[PDB]
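Participant: this one's experimental. Sequence and coordinates below.
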Amino acid sequence: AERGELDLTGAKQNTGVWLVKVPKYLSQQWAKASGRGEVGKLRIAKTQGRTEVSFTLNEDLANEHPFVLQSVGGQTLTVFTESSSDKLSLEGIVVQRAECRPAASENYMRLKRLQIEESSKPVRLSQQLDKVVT
Amino acid sequence: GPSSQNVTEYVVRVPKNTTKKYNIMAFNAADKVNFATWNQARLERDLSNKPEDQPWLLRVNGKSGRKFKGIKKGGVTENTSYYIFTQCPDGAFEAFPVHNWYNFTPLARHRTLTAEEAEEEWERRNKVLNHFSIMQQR
Amino acid sequence: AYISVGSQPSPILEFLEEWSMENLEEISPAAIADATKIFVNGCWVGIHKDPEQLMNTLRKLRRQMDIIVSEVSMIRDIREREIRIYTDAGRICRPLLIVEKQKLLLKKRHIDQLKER
Amino acid sequence: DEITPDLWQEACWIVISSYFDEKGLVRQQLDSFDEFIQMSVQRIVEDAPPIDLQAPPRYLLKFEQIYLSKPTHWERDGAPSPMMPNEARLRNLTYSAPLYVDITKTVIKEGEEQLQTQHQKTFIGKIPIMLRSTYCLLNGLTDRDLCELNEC
Amino acid sequence: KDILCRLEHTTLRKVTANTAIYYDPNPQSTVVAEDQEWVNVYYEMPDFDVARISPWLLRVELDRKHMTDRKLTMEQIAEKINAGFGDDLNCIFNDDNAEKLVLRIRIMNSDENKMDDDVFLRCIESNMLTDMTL
Amino acid sequence: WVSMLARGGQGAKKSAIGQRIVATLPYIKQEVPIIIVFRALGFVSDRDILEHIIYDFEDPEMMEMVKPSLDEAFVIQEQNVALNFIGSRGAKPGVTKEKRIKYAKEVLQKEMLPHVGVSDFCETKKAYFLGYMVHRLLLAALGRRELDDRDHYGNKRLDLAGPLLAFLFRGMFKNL
Amino acid sequence: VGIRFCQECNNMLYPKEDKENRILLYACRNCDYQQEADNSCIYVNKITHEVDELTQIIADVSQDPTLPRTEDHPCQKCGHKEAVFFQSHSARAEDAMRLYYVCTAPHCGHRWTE
Ligand SMILES: [Zn+2]
Ligand SMILES: [Zn+2]
């Protein structure tokens, strides 16, 4: 028991968690909701020899997100948290990796075009003066 | 059976703020880490610079166990986000953003040639003989 | 011949991250062998496991002028498993007619429209 | 529909004609200069670290935005006037545009009081202007207008 | 053509298929059955090496085509290696009838009876391939 | 520059090991062995360094190419020792070890591969790129990849008025 | 021929013999770790190095538009008629004019030499 000691109860419990990368719009919508209590529902469909994972955006939030799994054998990922009370703890070990991709093919690029425009909004460039400053 | 056509649906929850920040700890697959042997673990900030803008230092089972040094990920996820899903009895998935990404690399615990002593071995630039015997003297 | 004036690789990097490109800081070195390295302006940004789809998507974007400007070079070295993207100035380029399925995408309607330039 | 070989020769030179109707022949020169004025000059000024003075009062200077006016010539009496390229050739002048920058000056006097003043459009020098570039006087002038200025 | 061969420089590298170094603790069961067929014959009534022998073995495979082109003989190569290194090394070679030409090389028995015993054999391997003249 | 020494040198030790790879970093008088640079970046174990240079350990031909380089830097087995070694050759002599290590980190942080990164967290990015340079050198030495052509205009850039003028303006504005 | 790293400090393992047991061992320099050797071959040097180029070929080359395609060499595995052929163009061979074929059928990266 010490300040620098790390709690390993989560690891001893063999806790399994999933690591998922999500786009900005999905995260931005969740940030916009400010954590009202729900942002969507994750649906998992398993067949005789295949597994399908997808996420559905909340209808209220909007006013499909198929999930692609990735092999975890390439790395050992574990989640550790730093509590505000200065008590580090190990949440668990990542057991699956997934990635979120959009459903729209071409119309999505229109959103990106605006996003690139938004990103380039504060990019200042030289201005032309009709008259010489006096 | 049901598994051949099993369908599962769970809710997603995004709490506004959490008392404890979430980070990512990564180890090389070839490192062959074993959490079972992790009887004790100590995570403290490194003292090489001499706080939040410095690398981490991980020590397992004190000096006896393997020592790892953590380094914050240089890349910035300005256009990307990382979340962790944790199973809960209620069955509604919870997503927690990762504050930072850290990569931990093991540190060797053995007599290492000192910088002053390495100068002496530099005279034997390529005339070194029986590389094994070098550490025997040390 | 035209000499590229250059543009920021930020829109290309952001799209690559959004696309299924694994960052270089997050992967393990063992995964690099099978995947193809992605270079943007000479900086190794990451790796991709589906180079053929990525190149088709990149080519489609540049032709539609969506995220990739016209003067951006997308080179896939199939043998070397590398995709090099260039956005800087000083690159010499020339306009070429695109061919798909042994057919010019340039049709009579384009010529007729140009005739009344 | 599809360009038959009997019409390709006309079709291909219609394409080449439209390219030169738009690009011209010195596009690489003009586009490169336009990028330098529009983007590079602003980026260089922005990328410059703020100047911090401390020797007590602390002064900070930040160069915000760049302005460029038309190529101007000043008579010996001090009256500015637009500089036509032909006048520059005849009178051996340099075809240059005045360069102005917005500078913000914030001073900290250790009294927990911060005074911020902006010097809008501070003259910092003259940039030679490439002819017929976006910042040249001849830019956007019809062929008739160019002749009135004794320009080919 | 006889004069041509007598002039054109030929080093062991030219007519060598590959070189491998094995620990080879027991000379009898040297590496694999292929060497077992003919290695025993030399070891049934061996001479000048019954006293001792170095553990490390340097096995050399010689290309048949290259050897035939220059009309080189295994006995001559062994004599040439013996002449260059004297008794420092022991050379054992198979008969020309075998489809594969092999030449086992070891270090003097007296030394076995300071740098290293495996690195030194590596130095000889490079030394024989390039410097040694056949 | 990442260079592989020629085999012209004759020696029992030099010939046996093979050709070693050295790196010519900016602001350093003398060539620095490549494995030292990786150590200075924060990669000490040979497995870690080789993972950034060789992406497929199943290939034995490439592994043997880097072995002579590993032996050259076997003396240096710590990041701080490697940093001191690079600092010893720095642009200005280091009065004390602490200055040498700080100077060496300064060069690697910003003066070495600046396009890869110029921050303090870019060591991993530079290790991968530096390993790619070593990997590219190995392919050329192994004959698996053709040597680059200086006359190729893919490998060329034309500096026009803009980039030319911008280069001048950066110096003048700094003077201003 | 193989390369090993000690499980302790993940440094290069170099061969070594023990006189007491007369058995090949792999020992780490900076670690003192030792391991039983199973290959028994310290290293093999291939002067000819007739490495099968088929291994070096990448099945993705079938997607190259600049490579020639022939329908006269059907794939031996899937029987697809179209195949792409090319030369090694690999240095250190000292001679290379033979063609290497790669099946153009997707998901069948079969490669062969006629
Ligand atoms: Zn070790
Ligand atoms: Zn096939």
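Facilitator: Now that the structure is in, tell me what you want to look at. Numbering: from 1, shown residues only, chains lettered A, B, ... in the order given. Ligands and ions are numbered 1, 2, ... in the order given.
Participant: for residue F:59, grab the count of nearby residues.
Facilitator: 18 (other Cβ atoms under 10 Å in any protein chain shown). Where C-beta positions appear, they are placed from N, C-alpha and C, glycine not excepted.
Participant: quick one: name the residues of chain D near chain F.
Facilitator: Contact residues (Cβ under 8 Å from any Cβ of the partner chain) of chain D with chain F: D:28-29, D:31-36, D:40-41, D:44-45, D:48, D:124-125, D:130.
Participant: now, of these, which are buried?
Facilitator: Among those, the ones that count as buried by 16 or more other Cβ atoms under 10 Å in any protein chain shown are D:28-29, D:31-36, D:40-41, D:44-45, D:124, D:130.
Participant: mind listing which of the residues you listed are in strands?
Facilitator: residue D:124 (DSSP state E).
Participant: of all the buried ones among the residues of chain D next to chain F, which two lie farthest apart?
Facilitator: Every pair in those was compared (Cβ to Cβ); the two farthest apart turn out to be D:28 and D:124, at 28.2 Å.
Participant: ok, the spatially closest residue to residue C:86 that is not a sequence neighbour - contacts?
Facilitator: Closest residue to residue C:86 apart from its sequence neighbours, by Cβ to Cβ, 6 or more residues apart in numbering or on different chains: residue C:73 at 4.0 Å. Residues near residue C:73 by Cβ atoms under 8 Å, 6 or more residues apart in numbering or on different chains: C:4, C:84, C:85, C:86, C:87, C:91, C:93.
Participant: out of these, which is nearest to chain E?
Facilitator: residue C:84 (37.5 Å; Cβ to the nearest Cβ).
Participant: check which helices and strands the one helix or strand that closest one maps to is in contact with.
Facilitator: Remark: residue C:84 resides in strand C:82-86, with elements defined by DSSP states H and E. In terms of contacts (3 or more Cβ pairs under 8 Å, 6 or more residues apart in numbering or on different chains; DSSP states H and E), strand C:82-86 is packed against strand C:36-40, helix C:51-64, strand C:73-77.
Participant: contact partners of the second one?
Facilitator: With Cβ under 8 Å, 6+ apart as the contact definition, helix C:51-64 has outside contacts at A:109, C:15, C:19-21, C:36, C:48, C:67-70, C:72, C:74, C:76, C:78, C:81, C:83, C:85, C:98, G:60, G:63.
Participant: out of these, which are buried?
Facilitator: Using 16+ other Cβ under 10 Å as the burial test, the contacts of helix C:51-64 include A:109, C:15, C:20-21, C:36, C:48, C:67-69, C:72, C:74, C:76, C:78, C:81, C:83, C:85, G:60, G:63 as buried.
Participant: distance-wise, check the residue nearest to residue C:86 relative to chain A.
Facilitator: Noted for residue C:73: a distance of 19 Å to chain A, by Cβ to the nearest Cβ, to the nearest Å.
Participant: again with residue F:28
Facilitator: 35 Å.
Participant: where does that residue land in three-state SS?
Facilitator: Classification of residue F:28 using DSSP: H, G, I helix; E, B strand; the rest coil returns coil.
Participant: leaving out chain neighbours, which residue sits closest to it?
Facilitator: Here the residue nearest residue F:28, using Cβ to Cβ, 6+ apart, is residue F:89, at 4.7 Å.
Participant: how close does the one you found sit to residue F:112?
Facilitator: According to Cβ to Cβ, to the nearest Å, residue F:89 stands 13 Å off from residue F:112.
Participant: contact residues of chain G facing ligand 2?
Facilitator: Counting by Cβ under 5 Å from the ion, the positions of chain G adjacent to ligand 2 are G:75, G:77, G:78, G:80, G:103, G:105, G:108, G:110.
Participant: what about the fifth one, neighbour count?
Facilitator: So the one you mean is residue G:103. Counted with other Cβ under 10 Å, residue G:103 comes out at 25.
Participant: measure it to chain B for me?
Facilitator: 33 Å.
Participant: what are the phi and psi angles of the residue lying closest to that residue once chain neighbours are set aside?
Facilitator: Closest residue to residue G:103 apart from its sequence neighbours, by Cβ to Cβ, 6+ apart: residue G:75 at 3.9 Å. With angles defined as degrees, to the nearest 10, residue G:75 sits at phi -60, psi 130.
Participant: which residues does the residue nearest to residue D:74 when sequence neighbours are not counted contact?
Facilitator: Spatial nearest neighbour of residue D:74, excluding adjacent residues (Cβ to Cβ, 6+ apart): residue D:80 at 5.4 Å. Going by Cβ under 8 Å, 6+ apart, residue D:80 touches A:132, A:134, D:72, D:73, D:74.
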